[PDB]
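Just one chain follows, in the form solved without this ligand, and it is written as structure tokens.
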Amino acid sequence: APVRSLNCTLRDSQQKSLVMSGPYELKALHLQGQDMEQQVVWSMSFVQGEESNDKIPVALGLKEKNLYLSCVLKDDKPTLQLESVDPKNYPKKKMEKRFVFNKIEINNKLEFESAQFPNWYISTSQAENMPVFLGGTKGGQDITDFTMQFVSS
């Protein structure tokens, strides 16, 4: 296939799951049992960009929905948002830079660095039910590492 993808779920290192808050927002919270089904299922796409043996560029969209994570400036600050795209033209090998994240593997966890804003990572709060965001400080009060779970597609 042109653009290759794989379906997965993601949890932060504190075992919190991701769920869609509103129409264009994501939140992270400790979910277990039946609630599990609420979590977001992603279609991770391997797109074009500067690739390394530990840094792979990817795009993240919801499975079956024309919604992708995007990094943009909002009120003079790098910001993470869910963005609507034409369902006919996506996904594609050459995604716009704002949709691109560098998937990084350190210990056994994953980190997603914004290709648009270097050293800015997708992060979650230690607190419960807070919005998922773009953070410029790694290894601090906020969480920036995740594990990935494959789904039967």
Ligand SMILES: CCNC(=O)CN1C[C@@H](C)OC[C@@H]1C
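All residue numbers refer to positions in the sequence shown, first residue = 1.
Only in words, not in the display: the form deposited with this ligand bound, which the text now covers.
Q: Hey, with this ligand in the deposited bound form, do 125, 127 and 138 all fall inside the 4.5 Å heavy atom range?
A: Spot residues vs this ligand: no contact at all.
Q: Is there a heavy atom of residue 30 lying 4.5 Å or less from a heavy atom of this ligand in the deposited bound form?
A: Because no heavy atom of residue 30 falls inside 4.5 Å of this ligand in the deposited bound form, the answer is no.
Q: Even though the partner isn't displayed, in the deposited bound form is residue 37 close enough to this ligand, meaning a heavy atom within 4.5 Å?
A: Although this ligand is absent here, residue 37 would touch it in the deposited bound form, with heavy atoms inside 4.5 Å.
Q: Applying a 4.5 Å heavy atom distance criterion, does residue 62 contact this ligand in the deposited bound form?
A: Because a heavy atom of residue 62 falls inside 4.5 Å of this ligand in the deposited bound form, the answer is yes.
Q: How about residue 41: is it within 4.5 Å of this ligand in the deposited bound form, going by heavy atoms?
A: Yes, residue 41 lies within 4.5 Å of this ligand in the deposited bound form.
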